[PDB]
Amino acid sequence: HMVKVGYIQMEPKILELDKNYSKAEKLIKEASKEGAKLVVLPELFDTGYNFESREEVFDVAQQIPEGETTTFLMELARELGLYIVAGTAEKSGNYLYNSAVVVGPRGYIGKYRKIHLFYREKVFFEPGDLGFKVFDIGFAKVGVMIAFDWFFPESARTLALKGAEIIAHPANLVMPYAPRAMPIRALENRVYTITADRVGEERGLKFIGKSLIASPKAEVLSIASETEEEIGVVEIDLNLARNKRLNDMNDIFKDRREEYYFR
């Protein structure tokens, strides 16, 4: 029930997919050498984020799972024998999704499409349409949400109610709030959260770094720098997320009272 997990905090170079593959591969191998069995890459790690036109991301975005971002992550996951959640610009026909792929030592596992688009993402991407999915990676159930999804408590809650024990959270954070909020997201759902942020400035847009892993007890287990590329790997106890007990008289999920919510 003890597993080592980690984020990959990296600086995507916008439109330079290959360079971004090489950087992700370098850091994931570092995380692998620290024993990470699950690693999370930031939102849109392959394409970067601050596009000027839909055309410039459309011209580089890859298809899932045939495209080269997914196939690259598949080869790396098979080579290292770990699981990867990574944000990627999804090409699907004539459309773009702000997505995340999940891959493991045996290949593609599935994808999530960002349900809550943030700001100018609505210019480029279609709203996610696959719902909030939880993926079985053998030793854990991992839910996936992307960046702004954190702002809506319903995102983490839906994943957690579907059995997610870890929420993998690729992010390109620009607002200051998520590092303060994610321990609450972890605590209120009694899950672990892995927020893999990017760093850097991109056409004048500053990302905040501060990738962090939070425990079901709102403990910040690891937090990254504001500006530097780095990994963070920690050993987590999945029993602490499977057991929703707060004390001998409160089980968080058994204590929910759906009849009084949203009505």
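One-based numbering along the sequence shown.
Q: Using only the Cα atoms and their B-factors as the entry lists them, report which of 163-171 and 91-99 averages higher.
A: In the deposited entry, the stretch with the higher C-alpha B-factor mean is 91-99.
Q: Averaged over C-alpha atoms, is the B-factor higher for 56-64 or for 206-214 in this PDB entry?
A: Per the PDB record, 56-64.
Q: When the CA B-factors of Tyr177, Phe148, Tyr192, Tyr108 are compared as recorded in the entry, which is the largest?
A: Reading the PDB entry, the winner on C-alpha B-factor is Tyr108.
Q: Among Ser225, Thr70, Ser222, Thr47, where is the Cα temperature factor highest, going by the PDB entry?
A: Of the candidates given, the C-alpha B-factor peaks at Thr70.
Q: Once the chain's modelled residues are ordered by C-alpha B factor and cut into thirds, is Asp197 in the lowest, middle or highest one?
A: Its C-alpha B-factor, which the entry lists for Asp197, ranks in the lowest third among residues of this chain.
Q: Lowest, middle or highest third of the chain for the C-alpha temperature factor of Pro183?
A: Bottom third by C-alpha B-factor.
Q: Which third of the chain holds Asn239 when residues are ordered by C-alpha B factor: lowest, middle or highest?
A: Top third by C-alpha B-factor.
Q: According to the PDB entry, is the CA B factor of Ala31 in the bottom, middle or top third of its chain, that is, lowest, middle or highest?
A: Answer is highest: the recorded C-alpha B-factor places it there.
Q: What third of its chain, lowest, middle or highest, does the C-alpha temperature factor of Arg78 fall into?
A: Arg78: CA B-factor falls in the highest third of its chain.
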